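Undergrad: This block holds the first chain(s) of the complex, placed as they are in the complex; more will follow:
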Amino acid sequence: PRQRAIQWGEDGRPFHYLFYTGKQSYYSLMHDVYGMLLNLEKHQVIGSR
Amino acid sequence: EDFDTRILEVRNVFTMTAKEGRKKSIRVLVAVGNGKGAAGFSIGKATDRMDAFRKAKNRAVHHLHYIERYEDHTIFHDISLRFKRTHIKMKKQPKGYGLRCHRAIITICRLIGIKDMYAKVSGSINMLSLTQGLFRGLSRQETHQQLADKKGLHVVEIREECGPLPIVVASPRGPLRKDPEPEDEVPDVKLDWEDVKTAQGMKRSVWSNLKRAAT
């Protein structure tokens, strides 16, 4: 089974700024999507599931 | 390794359950301490008595109080407090007095490192109230240095064995006041009738001052 890599180095500092959420990958994705929705505002089916 | 653990209470608690009727679990109260002022207590709960011992003793080590000791043998001043319905009155005592206290207090005092103290427990004698009531009172005791700093005066100890020699035990780190502490001709302090009745020889008990093993 795919194994998550270490989430910190030797000094103990986590690599990702959302480490302490416990869901850094999920919240990093929500953070990226929420940011895109904002930039659009500043600027302004059958075959897929 | 520096910490010792002592059991204070082992109880069988019986829970009525929707489908399984009366079930039996264990509630344990244990105290931990290193004998140098650091001590704590924790409750442990489990179906087995030995799992409760592990939970209580391991949890207590993360809830340690620090207790200040006068000359590393007694408390800094007389402590009288009530926790819920349990009253605990503790008296500062000189070296060689030993621990003349409730057996549970004796156990806890050896973990904290207090060698000489008198304590009297009144009202409800509930082990849990006594334990946390004891730790609350011992953790809120003002040391002599704090008294000197708070009042900006010298703390001078008068010992009858040393006669009239004044022994300064604490001096304020900040400036030293020049105005003497007001001398109220009569203090408005509340007194304990048990303490007063003893000093007046009117306290008669066959159980007081009995010969007991070294504690």
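TA: Now that the structure is in, tell me what you want to look at. Numbers count the residues shown, from 1 in each chain, chains lettered A, B, ... in the order given.
Undergrad: Just give the number of residues close to residue B:64.
TA: Other residues within reach of residue B:64, judged by other Cβ atoms under 10 Å in any protein chain shown, total 16. (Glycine included, C-beta is placed from N, CA and C.)
Undergrad: That one contacts residue B:39, doesn't it?
TA: Yes. Under the criterion of Cβ atoms under 8 Å, residue B:64 lies in contact with residue B:39, with a separation of 6.5 Å.
Undergrad: Show me whatever sits in contact with both of those two.
TA: residue B:32 (Cβ atoms under 8 Å, 6 or more residues apart in numbering or on different chains).
Undergrad: neighbouring contacts of stretch B:50-65?
TA: Stretch B:50-65 is contacted by residues B:3, B:5, B:7, B:10, B:26-32, B:38-46, B:135, B:138-139 when judged by Cβ under 8 Å, 6+ apart.
Undergrad: Now, of those residues, which are buried?
TA: Neighbour counting by 16 or more other Cβ atoms under 10 Å in any protein chain shown classes B:3, B:26-32, B:38-44, B:46, B:135, B:138 among the contacts of stretch B:50-65 as buried.
Undergrad: give me the element residue A:35 is part of.
TA: Element membership of residue A:35 [criterion: DSSP states H and E] is helix A:24-43.
Undergrad: Please identify the buried residues of that helix?
TA: If you call a residue buried by 16+ other Cβ under 10 Å, then helix A:24-43 has these buried ones: residue A:24.
Undergrad: measure residue B:145 to residue B:172 for me?
TA: Distance check for residue B:145 against residue B:172: by Cβ to Cβ, to the nearest Å, it reads 9 Å.
Undergrad: again, but for residue A:45
TA: Spatial separation of residue A:45 from residue B:172 under the definition Cβ to Cβ is 81 Å.
Undergrad: include chain C as well:
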Amino acid sequence: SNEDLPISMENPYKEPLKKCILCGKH
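TA: Below, chain C sits with the chains from the block before:
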């Protein structure tokens, strides 16, 4: 001391209390 400090007084913007339609009438 300082001229811009607040001054103690009664609320100058306070509104009058409400009155019933018959307040002040026999």
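Undergrad: quick revisit: what's in contact with the helix holding residue A:35?
TA: Counting contacts by Cβ under 8 Å, 6+ apart, the residues outside helix A:24-43 that touch it are A:7, A:16, A:18, A:21.
Undergrad: So which of the residues you listed belong to helices?
TA: Taking DSSP state H as the definition of helices, the contacts of helix A:24-43 contribute nothing to them.
Undergrad: Which of the residues you listed has the largest number of neighbours?
TA: The most crowded member of these, judged by other Cβ under 10 Å, is residue A:18 (15 neighbours).
Undergrad: got a list of what that residue touches?
TA: Residue A:18 touches A:24, A:27, A:28, A:31, counting by Cβ under 8 Å, 6+ apart.
Undergrad: Centre-most residue in chain A?
TA: The structure's chain A has its C-alpha centroid closest to residue A:28; by Cα atoms, centre = their mean the separation is 1.7 Å.
Undergrad: Could you measure from it over to residue C:18?
TA: 57 Å.
Undergrad: do the same with residue B:109
TA: In this structure, residue B:109 and residue C:18 are 68 Å apart, going by Cβ to Cβ.
Undergrad: More neighbours: which of the two?
TA: residue B:109 (27 against 6).
Undergrad: For that one, which three-state class applies?
TA: Classification of residue B:109 into helix, strand or coil gives helix, according to DSSP: H, G, I helix; E, B strand; the rest coil.
Undergrad: Find the residue closest to it in space, skipping its chain neighbours.
TA: Nearest-residue entry for residue B:109: residue B:99, 5.3 Å, with adjacent residues in sequence omitted and distances by Cβ to Cβ, 6 or more residues apart in numbering or on different chains.
Undergrad: So that neighbour sits against residue B:108, correct?
TA: No. In terms of Cβ under 8 Å, residue B:99 does not count as a neighbour of residue B:108; the distance is 9.7 Å.
Undergrad: following sequence is chain D, add it:
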Amino acid sequence: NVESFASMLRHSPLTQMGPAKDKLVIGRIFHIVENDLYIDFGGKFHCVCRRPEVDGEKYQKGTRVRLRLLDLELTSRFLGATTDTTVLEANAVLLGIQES
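TA: Placed with the earlier chains, chain D looks like this:
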């Protein structure tokens, strides 16, 4: 000769306004959710006003508008409460757009 806080407070427009009830203020739309316009008008809390039916498309992010203020912060104390419940928004009525 450094201005003190007491001086800043005395001469601030928000202090000089007095009570906020029935006061006309200029706001700025900074966030829009469907037909809900979030308008900042210089106070602690923004107000939320529904897009007017007439000239609704003129109200966009950054559009400056005229408001009639009612309360700077909507708060009320409910029975059995030790403190006040606040909705964290001001109460204001949207009148229209400000133009030069």
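Undergrad: and the neighbour count of residue B:64, now that chain D is in?
TA: By other Cβ under 10 Å, 16 other residues sit near residue B:64.
Undergrad: Name the residues that touch stretch B:192-210?
TA: Contacting residues not belonging to stretch B:192-210 are listed as B:80, B:89, B:120 [Cβ under 8 Å, 6+ apart].
Undergrad: Mind doing that once more with 7 Å?
TA: residue B:89 (Cβ atoms under 7 Å, 6 or more residues apart in numbering or on different chains).
Undergrad: Quote the end-to-end distance of that stretch.
TA: One end of stretch B:192-210 sits 22 Å from the other (Cα to Cα, to the nearest Å).
Undergrad: For residue B:132, give me the backbone phi and psi.
TA: The phi/psi pair for residue B:132 (degrees, to the nearest 10) reads phi -70, psi -30.
Undergrad: Correction: the previous question concerned residue D:90.
TA: According to degrees, to the nearest 10, residue D:90 has phi -90, psi 160.
Undergrad: Wait, it touches residue D:68, no?
TA: No. Residue D:90 is beyond contact range of residue D:68, at 11.5 Å (criterion: Cβ atoms under 7 Å).
Undergrad: Tell me the residues of chain C that contact chain D?
TA: C:2, C:4, C:5, C:13 (Cβ under 7 Å from any Cβ of the partner chain).
Undergrad: re earlier: so how far is residue A:36 from the residue nearest to the centre of chain A?
TA: From residue A:28 to residue A:36 the distance is 13 Å (Cβ to Cβ).
Undergrad: Nearest to chain D within chain A, name that residue for me.
TA: Of all residues in chain A, residue A:41 sits closest to chain D, with a separation of 6.8 Å (Cβ to the nearest Cβ).
Undergrad: Can you tell me how far that residue is from residue D:63?
TA: Using Cβ to Cβ, we find residue A:41 at a distance of 14 Å from residue D:63.
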